[PDB]
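Spelled out from the first residue to the last, the chains are:
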Amino acid sequence: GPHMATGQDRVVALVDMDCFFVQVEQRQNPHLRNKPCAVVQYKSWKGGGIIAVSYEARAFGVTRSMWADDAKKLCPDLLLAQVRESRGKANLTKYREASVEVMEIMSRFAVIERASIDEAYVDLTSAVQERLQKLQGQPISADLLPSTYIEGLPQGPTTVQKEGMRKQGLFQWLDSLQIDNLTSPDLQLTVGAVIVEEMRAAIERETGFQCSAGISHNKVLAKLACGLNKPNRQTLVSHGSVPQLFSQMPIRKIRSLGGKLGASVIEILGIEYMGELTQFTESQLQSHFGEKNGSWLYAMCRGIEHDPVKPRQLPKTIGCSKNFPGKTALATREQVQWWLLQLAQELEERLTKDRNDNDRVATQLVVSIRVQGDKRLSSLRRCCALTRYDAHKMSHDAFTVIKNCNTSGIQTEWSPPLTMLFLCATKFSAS
DNA sequence: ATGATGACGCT
DNA sequence: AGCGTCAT
Ligand SMILES: Nc1ccn([C@H]2C[C@H](O)[C@@H](COP(=O)(O)NP(=O)(O)OP(=O)(O)O)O2)c(=O)n1
Ligand SMILES: [Mg+2]
Ligand SMILES: [Mg+2]
């Protein structure tokens, strides 16, 4: 009772951009706005691979990883924007620059953890404390929360349209809120949501991009919350909402459980939903999934997680990769060297920009290859020192550390053919 | 023949 | 170090 911690100590948000690469392209080209639209890479293979899809196009069943030629079968009027190509490969600079626009705005409000090119976690615990004091003790108006859903509401005795349902739940929540108690976790979450409304308003005003967000007590619930009412809405998931929410929540939807661990939780325990984990002891879970995973699952199915919002706005690595599928797998030494040089040249440009922008230098170069006949992301990784931002030196060094994989007795030929090259700059130091 | 990335755990 | 998982 009095000593059972409830994981309600923090206010955490996750802000995720809506159909992000599409919005970047729609801002640039007004002809694409409010249309079924997708972003594709490499136009020559079946129209290009789709990597982002507007919500209008999603309505036709267009999805990521679809070939554009196939997407056009579902959506004849689908509009497309192509990823830039430079040095023979996709170049994602435009989307990285747009990401920086958004991350810099979020950073005005609180220290963020950059979690992907289009999302960040926010620890709003301190900002909420400050706002509660500035608030005399006055009630929180629904007008301060114009795009907020309260997960689980409305409920109970006694509209058929979306916005009507959103307001009814919000009214139930606010009507029941105690504002007298500055330490109520529900009150803290509500103030957190007010601040996220302000943050999302700033992002849209200053960039033109819309986003969604989740507000909860930890990263996993905030991430889950964010997706519940996409696009262009934010969702508050209270501690109290967790038992019903998890009662029918497939295990694979919780971050980190979407892969083999999640599958084994399902198979080994014979369950389907996150809430069903509560039936097991902490020791039982640890026996099946290990000390760390066991403890994490035991707490997480109760809505509790302690993973901190890390103070990190910048990527820890900078890398360049290219696949060479099927018949195009690299089979000559000079092929391998030309492409390593292409990669190294992009990497040099990004590293030099990074060193000017962020006062740091990378010190290790990691070279990864995939071999024809494998299936793994990487077949092989080798590292060496990164001592100069020079593409010719980097590409020469990368060849040095991988050139012995070449089983071919003939020196001009490469065997077995390479289906992927990857260069990654790592181990940054202040500069 | 998704592809281009990026974080972090394990031994 | 180098490999494996999970992720957008
Ligand atoms: N497998 C993936 C997933 C995302 N991305 C890129 C394109 C996406 O626009 C961007 C952000 O990914 P995302 O947040 O998962 N989805 P996106 O923002 O496009 O749509 P939402 O569902 O978030 O509204 O990363 C990618 O290149 N490969
Ligand atoms: Mg997104
Ligand atoms: Mg995202």
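Per the PDB record, the structure was determined using X-ray crystallography to 1.720 Å resolution.

Peer 1: I keep staring at the coordination of the magnesium ion (ligand 2) and nothing clicks. Help me out?
Peer 2: Tetrahedral coordination by four donors places them ideally at 109.5 degrees to one another around the metal; octahedral coordination by six donors ideally gives 90 or 180 degrees. Taken together, the protein donors to the magnesium ion (ligand 2) comprise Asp16 (OD), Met17 (O) and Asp118 (OD), at separations of 2.0 to 2.1 Å. For the magnesium ion (ligand 2), the 6 donor atoms are set out with angles of 83 to 176° between them, so the coordination reads as octahedral. For the magnesium ion (ligand 2), the single-chain donor residues occur in sequence as D-M-x100-D. The distance between the magnesium ion (ligand 2) and the magnesium ion (ligand 3) comes to 3.5 Å, with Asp16 serving as a donor to both metals. Placement of the pair is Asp16 in strand β1 (residues 12-17) and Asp118 in the loop between β7 (112-116) and β8 (119-123), with a sequence separation of 102 residues. Both residues of the pair, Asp16 and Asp118, count as buried.

Peer 1: When you look at the sheet that holds strand β11 (residues 234-236) in this model, what are you seeing that I'm missing?
Peer 2: Here we have 6 strands laid out as an open sheet, ordered β7-β8-β1-β10-β11-β9, and mixed in their pairing. Here the strands that pair on one side only, and so sit at the sheet edges, are β7 and β9 (148-150). Each strand axis lies, on average, 20° off the axis of its neighbour in the sheet, ignoring direction. Pairing analysis gives 6 bridges linking β1 to strand β10 (residues 211-216), with the strands arranged antiparallel. Paired with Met17 across the two strands is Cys211, which belongs to β10. Packed on one face of the sheet, helix α7 (residues 185-207) meets β1, β8, β9, β10 and β11 and runs near 165° to β10.

Definitions and limits used
Residues numbered from 1 in each chain as written, not as in the entry; some residues may be left out. Chains lettered and ligands numbered in written order. Heavy atoms only, no water. Donors = N, O, S within 2.8 Å, 3.2 Å for Na, K, Ca; no water. Tetrahedral: all angles 85-135°; square planar, octahedral: opposite > 155°, others 65-115°. Helix = DSSP H or I, 4+ residues; strand = E, 2+ residues; numbered from the N terminus. Buried < 20%, exposed > 50% of the residue type's maximum accessible area, 1.4 Å probe, protein only. Pairing = 2+ DSSP bridges. Axes fitted to C-alpha atoms, helices over the stretch in contact; angles between N-to-C directions. Contact = heavy atoms within 4.5 Å.

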